[PDB]
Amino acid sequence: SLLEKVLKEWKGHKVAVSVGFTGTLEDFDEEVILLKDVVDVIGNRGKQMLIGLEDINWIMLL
């Protein structure tokens, strides 16, 4: 998948995501992605974060 290909490459890099938040992309598979070091514009938000691809509009590398 172009999606597998790219997400492999993006693994390690800070990314922004639209669900309907930013942080480093720790891992992913066909149903979810997982983020480390998650921040909002005001501060840190959580060690990790799970998000399903179903509810994801776009992902963007920083």
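Each residue number is its position in the shown sequence, starting from 1.
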Notebook entry, point to check: How many missing residues of the deposited sequence lie between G20 and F21 in the entry, grouped as none, 1 to 3, 4 to 9, or 10 or more?
Noted result: 4 to 9
Item checked: Third of the chain's Cα B-factor distribution that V15 belongs to, per the entry -> lowest
Margin query: Lowest, middle or highest third: which one holds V41 when the chain's residues are ordered by CA B-factor from the entry?
Written below: highest
Item checked: Among modelled residues of the same chain, the CA temperature factor third for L50 -> middle
Next item on the list: Pull the Cα B-factor of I59 out of the PDB entry and bin it into the chain's lowest, middle or highest third.
Entry: middle
